[PDB]
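One chain is shown next in structure tokens, namely the form deposited in one PDB entry.
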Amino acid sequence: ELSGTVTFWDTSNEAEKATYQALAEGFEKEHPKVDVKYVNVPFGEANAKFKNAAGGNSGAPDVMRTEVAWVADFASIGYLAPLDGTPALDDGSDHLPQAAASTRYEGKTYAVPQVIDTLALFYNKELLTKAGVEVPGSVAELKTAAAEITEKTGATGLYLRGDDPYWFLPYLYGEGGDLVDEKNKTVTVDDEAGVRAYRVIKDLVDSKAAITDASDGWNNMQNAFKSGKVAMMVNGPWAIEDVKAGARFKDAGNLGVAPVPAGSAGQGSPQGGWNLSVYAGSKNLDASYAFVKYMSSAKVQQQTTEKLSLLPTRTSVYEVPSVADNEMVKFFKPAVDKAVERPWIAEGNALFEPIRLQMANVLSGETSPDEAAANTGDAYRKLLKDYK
């Protein structure tokens, strides 16, 4: 017997949310005495909304779609139910290891993996063909390509998202850098790779290879890509269905995807994704654990991919012929296997804010790449007291 209310806060976007609400309410098929109360909470509001509710014990959800960085964030302040030895964990070993690391805090499991992701370079196949160019493998080749795309088609080569710090990471990795050396507790973002990365992004916009905006970046990016204003953008699996809604990409066929470009030293893209957690103060714990088990089951992960092309965390699901043949999946899974894994620390998501501010000021010309990198590092040393 399961019964009662299970309130689920989902952060999925406008293209994803009808699918996730249907999946959530499908828990009631097998458990008709449970009432699933689906709520969609915008991504940028959800961390604060959950903390406010959990800290007040007031209108907190039973189950929270928890970003990979949010697990240690929320768990560090006691807001998540530990899951070890509960029915929430079924076939745990099925999950990709890097997925499983984000679920852990101080030797306890506080979430179950849902989707895994990384950033990639999406491109308009027809524009590149019309421009006579190949999909660029590096920043250097992207600049050459962008000039041909402007000269032959009038589009801009790249929409470079300028208001979300996560988009700095491919450039950092491509210049040979990283945020921190975790094993050695050393801040590394202000090494010369960080200077070079800020410089590359500024050059892409100044040279007119790319355009950007200081606000409303998600909408501006998607609108520029879908309208053919740009030929390329960096984005993740959560954009696929949104892009395919557009006249230009109905023909799933016109939507190309490739790795983010290499920089002067190498290439990399960050690992991201979503897990599912239970609020520590839930008044319907059995029903919530079962709900988490259901939402993370192989069946529901397979359905998510079939409807949205989001990537499963469960290895078995890749073997299901239907997942094994989705062309967005066949590209993204190897890219995810290569993606760079961050420190899963309480302060992890706070590492993004200094990048946000310094990247904005580099793009507007208020701050040099040199000063931006040093400022980022200074902010990290303040955030991480036992880092040098």
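We number the residues from 1 along the sequence you see.
Stretches 214-222 and 78-86 differ in mean CA B factor, with 78-86 having the higher one. According to the PDB record, 90-98 carries the higher mean C-alpha B-factor of the two stretches 90-98 and 255-263. Set against one another, the Cα B-factors of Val63, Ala324, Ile355, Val362 in the record reach their highest point at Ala324. Taking the PDB entry at face value, the top CA B factor among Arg314, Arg161, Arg248, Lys229 belongs to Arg314.
In the deposited entry, the Cα temperature factor of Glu151 places it in the middle third of its chain's modelled residues.
Among the modelled residues of the chain, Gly132 sits in the middle third by CA temperature factor in this PDB entry. Ranked by Cα temperature factor within the chain, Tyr38 sits in the middle third according to the deposited record. Placement of the Cα temperature factor of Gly272 within the chain: middle third of the modelled residues, per the deposited record.
Compared with the other modelled residues of the chain, the Cα B-factor recorded for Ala335 ranks in the lowest third.
What comes next is about the form deposited in another entry, which does not appear here.
Compared with the form shown, the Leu276-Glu241 C-alpha separation increases in the other form, the change being 3 Å or greater. In the other form, the separation between the C-alpha atoms of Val230 and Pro334 shrinks by 3 Å or more relative to the displayed form.
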